[PDB]
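Enquirer:
Residue numbers (the authors' numbering): 1 to 149.
1) Would you check if the stretch 21–29 and the stretch 49–63 touch, i.e. whether three or more CB-CB distances between them fall below 8 Å?
2) So is residue 21 buried or exposed if we call it buried at 16+ other beta carbons inside 10 Å?
3) Quick one: what's residue 53 bridged to in DSSP?
4) Taking residue 36 as the reference, give the member of 89, 5, 69, 18 with the closest Cα.
5) Would you mind stating whether residue 102 and residue 92 have Cβ atoms separated by less than 7 Å?
6) How would you label residue 120, buried or exposed, when you count the other beta carbons within 10 angstroms and need 16 or more for buried?
7) Which residues in the same chain as residue 145 place their Cβ atom closer than 6 Å to its Cβ, once the five residues preceding and following it in sequence are excluded?
8) Exposed or buried, what is residue 46 when buried is set at 16 or more other beta-carbons lying within 10 Å of its beta-carbon?
9) For a minimum of 3 consecutive residues, which ranges assigned as the beta strand (DSSP E) are wholly contained in the stretch 68–112?
10) Nearer than 6 Å: is that true of the beta carbon of residue 68 relative to any heavy atom of the ligand ZN?
11) To which residues does DSSP link residue 114 through a beta bridge?
12) Provide the residue span of the beta strand (DSSP E) that contains residue 135, from first to last.
13) With a 10 Å radius around its C-beta and 16 neighbouring C-beta atoms as the bar for buried, classify residue 140 as buried or exposed.
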C-alpha cells in the first residue's frame, strides 16, 4: 500500500514551430526578453527588459506581450530624456538614443492569470507588435527575480 497521491498526467498535442524567420532589414537588436520565475502557488508574474537600437535611427513599436497570461496587465514608468509617460501598456518609440527600458524597480508588464508551471530558466513565448505594421512571435526566457522562492 502507498499514500494517496493526486493526479497530473503528461501534456498533449504539441504543434509545429512558430515560423522559420521574422522581419528582415530592421537595424535594431533584441536584448533577450525575460519573465520573473514564481512558485506554483502564485499563477501571476512579470516581464522586464531593454531596447538596444544598434544605430542612430528611431524605431516605432508598442513593446511586448504574451498568450501565456490570460490578462497581460502591461505597465512601466520613466521620464527618460524628456520621453516621459505613465503606466498602461509600455512604449517603443526610440528618440534615436532613447534606448527603451522597463524593470520591477520602475514598473513592469504583469502576466496575470498564468497556467504553465515554469522552471527558473525555461524558454517561453513573447509576442511584440508594431504601432503601425504587424504582430511578431519572439523568444524569451524565465529568470527568478524578487517574488520567486
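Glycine residues also receive a C-beta, built at the ideal position from the N, C-alpha and C atoms.
Expert: Once the coordinates are examined:
1) yes
2) exposed
3) Paired residue(s): none; residue 53 is not in a bridge.
4) 69
5) no
6) exposed
7) 36
8) buried
9) 71–73, 109–112
10) What this structure holds is no ligand at all, so the ligand ZN is not there to describe.
11) Paired residue(s): none; residue 114 is not in a bridge.
12) 135–138
13) buried
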